[PDB]
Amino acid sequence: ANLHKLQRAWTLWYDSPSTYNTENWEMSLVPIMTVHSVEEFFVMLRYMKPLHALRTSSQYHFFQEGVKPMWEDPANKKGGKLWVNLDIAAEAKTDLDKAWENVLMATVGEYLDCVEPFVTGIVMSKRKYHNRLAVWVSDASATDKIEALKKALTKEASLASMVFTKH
């Protein structure tokens, strides 16, 4: 089994009002699948739902293994997130889906920061009017790294706002 191993494993999560846990907010997150190779990644993509057809209040999380998509995580405590607001038989993939796929491929391929790790995960959030893409890093003090992430994220996307936020 000649597989193409990744630099890091990555876990996918999905949440929505149907997964909303009124008692414990944390359990609202549902881990779906962990990927360790390019092939596993593309199988995951195969069985993921496109954002064009995804529910109005849903979020995909994609984070390094052993790293929860929450600030309380030690990997995200000091860092922050750089995010942007995109806009809305068989049909061609939408630019939103294409940008989502490009950012995921850049994440697993480790060319989101071409130089401990700096990028800890990413989050796509389907909202009412906007669609929030977010890259969660680990060190909010690294200015050069955030600028490098800015150019990279702008490259891998082609679908209104860009904001960095420390947690």
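Each residue number is its position in the shown sequence, starting from 1.
* Does the deposited sequence hold unmodelled residues between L149 and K150, and if so, how many: none, 1 to 3, 4 to 9, or 10 or more? -> None; the chain is continuous from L149 to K150.
* To do: Look up the CA B-factors in the entry and say which stretch, 5-13 or 19-27, has the higher mean.
  => The entry gives the higher C-alpha B-factor average to 19-27.
* Look over 72-80 and 90-98 in the entry and identify the one with the greater average Cα temperature factor. => Averaged over C-alpha atoms, the B-factors run higher in 72-80.
* If you compare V115, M124, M44, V108, which has the highest Cα B-factor in the entry? -> Highest C-alpha B-factor among the listed options: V115.
* Residue with highest C-alpha B-factor in the PDB entry, from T34, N131, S57, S37 -> Top of the list by C-alpha B-factor: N131.
* To do: Comparing against every modelled residue in the chain, figure out the third that the C-alpha B-factor of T120 lands in (lowest, middle or highest).
  => Its C-alpha B-factor, which the entry lists for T120, ranks in the middle third among residues of this chain.
* Ranked C-alpha temperature factor of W136 among modelled chain residues, by third -> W136: CA B-factor falls in the highest third of its chain.
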